[PDB]
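Below, each value reflects all heavy atoms present in this structure, side chains not excepted, and no hydrogens, waters or symmetry copies. Chain identifiers are assigned alphabetically (A, B, ...) following the order of the sequence lines, protein sequences preceding nucleic acid strands; residue numbering begins at 1 within each chain.
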Amino acid sequence: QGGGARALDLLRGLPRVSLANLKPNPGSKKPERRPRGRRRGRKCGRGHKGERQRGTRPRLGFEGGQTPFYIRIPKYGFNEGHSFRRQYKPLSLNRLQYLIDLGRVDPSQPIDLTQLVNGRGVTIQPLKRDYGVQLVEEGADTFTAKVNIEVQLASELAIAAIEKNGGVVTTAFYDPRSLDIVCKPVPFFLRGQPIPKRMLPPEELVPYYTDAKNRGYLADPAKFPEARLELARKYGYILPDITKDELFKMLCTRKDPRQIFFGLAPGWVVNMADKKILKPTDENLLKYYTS
Amino acid sequence: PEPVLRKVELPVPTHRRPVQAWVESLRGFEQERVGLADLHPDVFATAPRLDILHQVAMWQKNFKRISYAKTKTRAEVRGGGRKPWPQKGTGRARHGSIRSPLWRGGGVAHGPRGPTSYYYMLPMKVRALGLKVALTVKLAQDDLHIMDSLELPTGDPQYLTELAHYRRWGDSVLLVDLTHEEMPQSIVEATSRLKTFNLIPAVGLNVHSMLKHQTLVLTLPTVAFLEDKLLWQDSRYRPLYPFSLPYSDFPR
Amino acid sequence: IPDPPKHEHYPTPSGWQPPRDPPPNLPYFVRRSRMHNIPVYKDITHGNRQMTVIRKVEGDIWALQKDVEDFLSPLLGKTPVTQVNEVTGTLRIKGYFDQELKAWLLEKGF
Amino acid sequence: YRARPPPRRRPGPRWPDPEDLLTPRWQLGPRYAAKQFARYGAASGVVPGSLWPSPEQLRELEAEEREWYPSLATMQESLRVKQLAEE
Amino acid sequence: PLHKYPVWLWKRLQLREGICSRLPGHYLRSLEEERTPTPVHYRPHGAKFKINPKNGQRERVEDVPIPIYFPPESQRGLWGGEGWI
Amino acid sequence: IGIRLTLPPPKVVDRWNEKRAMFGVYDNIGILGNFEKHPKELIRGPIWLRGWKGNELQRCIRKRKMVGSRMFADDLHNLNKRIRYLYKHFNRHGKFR
Amino acid sequence: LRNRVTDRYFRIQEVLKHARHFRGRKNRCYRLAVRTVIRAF
Amino acid sequence: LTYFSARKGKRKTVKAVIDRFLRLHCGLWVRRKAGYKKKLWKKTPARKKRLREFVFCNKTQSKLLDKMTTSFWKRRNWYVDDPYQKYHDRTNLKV
RNA sequence: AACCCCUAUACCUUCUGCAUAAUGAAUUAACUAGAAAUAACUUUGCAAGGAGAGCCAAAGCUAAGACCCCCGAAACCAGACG
Ligand SMILES: [K+]
Ligand SMILES: [K+]
Ligand SMILES: [K+]
Ligand SMILES: [K+]
Ligand SMILES: [K+]
Ligand SMILES: [K+]
Ligand SMILES: [K+]
Ligand SMILES: [K+]
Ligand SMILES: [Mg+2]
Ligand SMILES: [Mg+2]
Ligand SMILES: [Mg+2]
Ligand SMILES: [Mg+2]
Ligand SMILES: [Mg+2]
Ligand SMILES: [Mg+2]
Ligand SMILES: [Mg+2]
Ligand SMILES: [Mg+2]
Ligand SMILES: [Mg+2]
Ligand SMILES: [Mg+2]
Ligand SMILES: [Mg+2]
Ligand SMILES: [Mg+2]
Ligand SMILES: [Mg+2]
Ligand SMILES: [Mg+2]
Ligand SMILES: [Mg+2]
């Protein structure tokens, strides 16, 4: 122990630390260069005549009149529609298992975006066209946790890993407004707005979320048993009977397709200051929020 | 008569042991050694980082600086529209305006252009670490004294001045109480009439004040306050939104 | 950050292992990060200078440097190039050795 | 000396003067009142009934949803027709 | 220095002082109101949202009136909202 | 010529005046005060500069945006002209491209 | 903050002390002396 | 280039660049070949295949394009079924 | 031993090259000219996360330090004044 204890007892015999004996760490304060004196004056590093010394050289990209590189290349739609492309932050099974082992995500309760964000497992940016998380297969071989997880996209192998261990995986759509709310609920509650309804997927995404192969949240529940059995056969494992599990009720807990949060209905106003919930009773309002 | 024995509330790392300081009182001239208080080693025995003290001290001096210095360019000086004399033929140097920076009474070429702000913010964790370093340095150099309370027998400033002299507390003493509202009236009266003995609440503690004052006095409640706030920075998540907004386990 | 839950068997499926209790009796100690992981980090500059950093080192950092030099010398075939920073309690190593150092530090019980 | 009282976040809802010309317009609307209620609750003094859309506002909300957000059955039917044409 | 009030608010301040203060309340309200004239020389969008052909995304649309110059002689007639462009 | 022939009056600085004695107090208002207040809120000065930093062009744009409507006619004219001059300097002139 | 050179007098005397034994104006006029002093050195 | 915009005091992107080049997150820029749609009747198959290739830019051009585009265009994107997803990260690259 | 002896083609700018008979300068005093992003580098903090909502992240991220002059046309336009 030559560090902590030697650095403090050696301070006992030194002058008091004061505002008169402070200095920056060496290397943190590079010297400033001024155009004064033989070395740095005279032409001051600007050269001689031309546009150079006078400060009027052409814009960046200009090549002296030759048709510039960045113009003579043909246009091509590499980035066409980039700002309207849906993005999904990848969440690997390695990362998910890591979060569970450290107690950052609780597998005893349903896992959705809110719990993933609250555990600092994933960072979602709705303003950057993130539409949620995509569960990726990386780490499937060593994934052991039993979870009920709700994601936006899931690979076939990732789904098989979840369901071989006795867990349940569902793919759930969130519109940009809903995604912002579900990711950061507290900032939303401070706006004093009724909880909005979750919008349906766009027409181009309806096939994905109505298909049992993807465990879509709008798919026919009667088709899941066959889909679950097919993966068990393909990847050589026996489909567990989760109906016999002690956590079966929790494993079945799923949000209504119009519900952003478990246990909270559209049109409810959360009063955090008084720790209350306000529910509208007007028939017209109730019809709007329930439709 | 019973000793005031304070223990560290928050978990101390297993490889480290608490440091200790005498608990004293201001009720009498010889009322030293009233107790013995343990102090968390990560707050009062961190590595002595003088470079970090410089960073935080320099931040404190400059982050709220606004310079009001301003000069006029050649465009803002009164007049100066016309060309003072023809370009050619007069034998004189060529000039375009009587308010050129070459001219007496002309504009300033590269003068101050205020108001100018110097605002910047060190990372929150760095500013918290600086406070830890300052407390450790004071303890390591025997400039830190822990009090049970700041209650004086009288409000006379001479008593407090004489007390510091007898106890060899240097020329200047920073007195830190837990809260502004609950400061004892006696210490408030004494310090209000002094210049080198300054009374501040715990929320007002800062590196610059600690370095300007030779001696630092903390009450036992203040010690608990400081350990809680500074150690919270070591074990906290990266924020999801400003800590002023509701969290599950914050505040307290 | 929540404290890691108790596990019947270690290492966990992810590979995490808690620090040994009591701490090892060595001249130096290596504190875990706030996320409870070993503080060994890869670093790169100039697009080509691959380096390894051991952070949060307490006690005799020079003793750690000697131990690291003995541990890595067989792998490299020569003495590793290192920089000891007593002020920050950091040891910087030329080359990428994060995986080997992490396991090596874990075996010591840090 | 003695330090001045620490600067504190002045509690209570702050209601600007509606008849003051220099009052920012954003502090006078219903959206500002809703934020006061969410922050302070009943102490705000905002009638909680004013938080949901009014009957006229609810009519506009429902019209926009009908125009731009089709039902699942409509989208599924449109998908089938498009698929048949491609086939 | 700066003015206490923005210059664009000066005219409204004048209406709160002097004889203008004592004008009828109903009349002062008529002055303050500034309804959008009926579109005469331009065709309104007719909707608040439109689908942009180039990218196929729903975009907000706004009606920006065309500035109209009414000659002084227009004030003795009835031009139906028409003026010079 | 050019140098004074007598010593200037001695400089008297009261290092323990109230302003200096209390310099820095509450600079940790947030860290030690549950983050109810940000330290930048302690900054006093022009409304367009509190807790913000920028180069002269950025400062000019910010001031015109925030208080341009309240500025005196002559002042606003100079500000608009300054913004134009700086736009040309920073975007078109200099050693580097 | 406006900074001005305050000790220019002494800077001039560093050169002129070497030019006292020169002939003519180059023994007192800095513009002239400095060139001749450099040449002398 | 606009180094400081009049409205925001921020750097601007040269949009001519965005219309022609793809930036891979690893720093590489991809482009098409000039003339790949020009006078195909007079060009041989081997030449026409060369002209259809998507090719990388050199160091100097890459540095230039980086300066002519703001940070937004250098972020890591996670587009669904991106054809270029595999090429965003280098493998087995020494020095 | 002041000089006499010996040695020695002012300075700046500009140029392939200037004692040049190329430029500027009587002299003194005062005044009079390098402003910033993109990256990278250096030194701290924390670290698969960083940052005091936004952003970035396949060791990153945050903070800081450190680079981008002066004078000069003939003109052009608007509104006044003759
Ligand atoms: K030079
Ligand atoms: K040189
Ligand atoms: K420039
Ligand atoms: K493109
Ligand atoms: K010259
Ligand atoms: K000649
Ligand atoms: K010549
Ligand atoms: K000549
Ligand atoms: Mg010169
Ligand atoms: Mg020249
Ligand atoms: Mg040339
Ligand atoms: Mg002028
Ligand atoms: Mg003119
Ligand atoms: Mg001119
Ligand atoms: Mg002047
Ligand atoms: Mg690095
Ligand atoms: Mg020649
Ligand atoms: Mg010659
Ligand atoms: Mg000559
Ligand atoms: Mg010539
Ligand atoms: Mg610069
Ligand atoms: Mg023209
Ligand atoms: Mg004209």
Side-chain angles (χ1 to χ4, degrees), chain A residues 24-35 44-46 48 53-55 60 95 98 120 123 125 127-128 184 186-187, chain B residues 49 51-52 55 58-59 83 87-88 93-96 100-104 106 109-110 113 120-129 233-234 238-245, chain C residues 33-35 37 39 41-47 53 55 87-88 98, chain F residues 1-2 30-31 35 38-40 55-57 86 89-90 93-97, chain G residues 4 8 25 28-32 34-36 38-39, chain H residues 1 3-4 10-11 25 63 66-72 74-76 88-89:
Chain A
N25 196 47
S28 64
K29 288 309 174 62
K30 183 180 179 180
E32 176 195 320
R33 303 301 183 182
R34 312 179 64 235
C44 303
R46 296 304 298 276
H48 178 80
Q53 194 194 357
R54 302 173 164 135
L60 187 66
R95 170 70 162 188
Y98 162 84
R120 276 71 154 194
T123 309
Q125 289 172 272
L127 306 180
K128 290 293 177 271
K184 293 179 179 179
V186 175
Chain B
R49 297 286 309 278
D51 58 302
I52 298 184
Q55 290 182 90
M58 291 316 91
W59 166 78
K83 183 169 173 73
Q87 174 89 341
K88 311 189 70 77
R94 63 209 184 170
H95 292 301
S100 178
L102 282 59
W103 289 62
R104 162 182 188 289
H110 297 308
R113 293 303 294 177
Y120 75 103
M121 290 297 301
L122 297 170
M124 171 194 300
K125 286 178 185 164
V126 170
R127 280 175 283 122
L129 178 52
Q233 297 278 353
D234 293 351
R238 64 179 177 88
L240 298 174
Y241 47 71
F243 291 121
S244 48
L245 306 187
Chain C
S33 71
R34 63 188 57 227
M35 322 300 310
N37 301 292
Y41 311 97
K42 289 187 307 146
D43 191 18
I44 190 151
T45 58
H46 298 94
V53 176
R55 259 170 53 73
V87 175
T88 68
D98 60 352
Chain F
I1 188 167
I31 280 178
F35 305 101
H38 199 278
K40 80 189 171 189
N55 63 48
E56 194 210 335
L57 173 49
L86 293 175
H89 172 73
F90 282 116
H93 302 87
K95 181 177 201 183
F96 303 135
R97 296 291 183 270
Chain G
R4 297 175 74 188
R8 192 174 290 116
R25 287 190 293 161
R28 47 195 181 278
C29 299
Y30 181 87
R31 174 182 210 79
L32 302 187
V34 64
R35 295 203 276 271
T36 303
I38 293 171
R39 280 186 64 81
Chain H
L1 183 63
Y3 301 93
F4 302 95
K10 302 206 301 193
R11 182 179 282 242
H25 184 266
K63 177 167 284 167
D66 276 357
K67 287 186 189 339
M68 292 177 77
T69 53
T70 63
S71 280
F72 167 86
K74 307 191 171 80
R75 75 193 302 276
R76 181 175 293 279
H88 287 308
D89 292 83

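- On a pure distance criterion of 3.5 Å, no polar donor-acceptor pair joins the side chain of G:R4 and the base of I:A30.
- The residue G:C29 sits close only to the backbone: its heavy atoms come under 4.0 Å of sugar-phosphate atoms, none of a base.
- I:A51 has a positive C1'-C2'-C3'-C4' torsion, placing its sugar in the north range.
- The shortest distance between the side-chain N/O atoms of H:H25 and the OP1/OP2 oxygens of I:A57 is below 4.0 Å.
- With a glycosidic angle more than 90° from 0, I:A63 adopts the anti conformation.
- With both ends at atom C1', the span from I:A22 to I:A36 equals 40 Å, rounded to whole Å.
- In this structure, the side chains of B:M124 and B:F243 come closer than 4.5 Å at one or more pairs of heavy atoms.
- Taken together, I:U13 and I:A22 constitute a Watson-Crick or G-U wobble pair, since both relevant N/O distances lie under 3.5 Å.
- Annotated as syn: I:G34, whose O4'-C1'-N torsion sits within 90° of 0.
- Between I:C11 and I:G24 there is a base pair of the Watson-Crick or G-U wobble kind, both of its two distances falling under 3.5 Å.
- Nucleic acid contact for B:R94: base, since at least one base atom lies under 4.0 Å from a heavy atom of the residue.
- North puckering is assigned to the sugar ring of I:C77, since its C1'-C2'-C3'-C4' angle is above zero.
- Residue-level contact check: H:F4 touches the bases, meaning some heavy atom is under 4.0 Å from a base atom.
- For I:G34, its base never sits under 3.5 Å from the side chain of A:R33 at any donor and acceptor pair.
- At the heavy-atom level, H:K10 lies nowhere under 4.0 Å from the strands shown.
- In this structure, A:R54 CZ and F:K95 NZ are separated by 15.5 Å, a value rounded to the nearest 0.5 Å.
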Letter per nucleotide, 5' to 3', of nucleotides 40-49 of chain I [B base touched, S only sugar-phosphate touched, - untouched; heavy atoms, 4.0 Å]: -SBSBSBBSB
Nucleotide-resolved protein contact map, nucleotides 11-16 of chain I, B/S/- at heavy-atom distance under 4.0 Å: S-SSS-
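- At distances below 3.5 Å, at least one donor-acceptor pair connects side-chain atoms of H:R11 with backbone N or O atoms of H:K67.
- The pentose of I:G34 belongs to the south class of puckers. Its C1'-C2'-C3'-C4' angle has a negative sign.
- Sugar pucker of I:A35 is south, as judged by a negative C1'-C2'-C3'-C4' dihedral.
- Within the 4.0 angstrom heavy-atom criterion, only backbone atoms of the sugar-phosphate kind lie near B:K83; the bases stay farther away.
- The base of I:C41 engages I:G65 as a Watson-Crick or G-U wobble partner, both distances under 3.5 Å.
- In this model, the phosphate group of I:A39 is not approached by any side-chain N or O of H:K63 to a distance below 4.0 Å at OP1 or OP2.
- Between H:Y3 and F:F90, the ring center distance fails the sub-6.0 Å criterion.
- Here A:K29 does not reach the OP1 or OP2 of I:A64: none of its side-chain N or O atoms lies under 4.0 Å away.
- The structure places CG of B:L240 at 4.0 Å from CZ of A:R120, a figure rounded to the nearest 0.5 Å.
- Residues B:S244 and F:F35 come closest through the heavy atom pair CB-O, 3.4 Å.
- Within 4.0 Å of F:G2, counting heavy atoms only, lies no atom of the nucleic acid at all.
- A negative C1'-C2'-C3'-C4' dihedral is found for the sugar of I:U20, placing it in the south range.
- For the pair H:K74 (side chain) and H:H25 (backbone), a donor-acceptor distance under 3.5 Å is absent.
- Panel note: side chain C:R34, backbone B:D234; a donor-acceptor pair is recorded below 3.5 Å.
- If you check every strand for non-hydrogen atoms under 4.0 Å, B:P101 touches sugar and phosphate atoms only.
- Contacts of H:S71 with the nucleic acid, taken as non-hydrogen atoms under 4.0 Å apart, involve only primed sugar atoms and P, OP1 or OP2.
- Between the SG atom in A:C44 and the CZ atom in A:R33 there is a gap of 14.5 Å [rounded to 0.5 Å].
- Atoms CG and CD, on A:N25 and B:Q55 in that order, are 8.0 Å from each other to the nearest 0.5 Å.
- Distance check: F:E56 CD to H:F4 CZ gives 12.0 Å after rounding to the nearest 0.5 Å.
- No donor-acceptor contact under 3.5 Å links the side chain of C:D43 to the base of I:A59.
- Residue F:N55 places none of its side-chain N or O atoms closer than 4.0 Å to OP1 or OP2 of I:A35.
- The side chain of G:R8 places an N or O atom within less than 4.0 Å of a non-bridging phosphate oxygen (OP1 or OP2) of I:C31.
- Comparing I:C31 with I:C71, their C1' atoms sit 15 Å apart, to the nearest whole Å.
- With a cut-off of 3.5 Å on both pairing distances, the Watson-Crick or G-U wobble partner of I:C55 is I:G50.
- A distance of about 15 Å separates the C1' atoms of I:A63 and I:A47, rounded to the whole Å.
- Within the nucleic acid shown, A:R46 comes within 4.0 Å of at least one base atom, counting heavy atoms only.
- Not one N or O on the side chain of B:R49 forms a donor-acceptor pair closer than 3.5 Å with the backbone of C:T88.
- Between the side chain of B:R113 and the backbone N or O of B:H110 there is no donor-acceptor pair closer than 3.5 Å.
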Protein proximity profile, nucleotides 76-82 of chain I - base contact B, sugar-phosphate-only contact S, no contact -, cut-off 4.0 Å on heavy atoms: -------
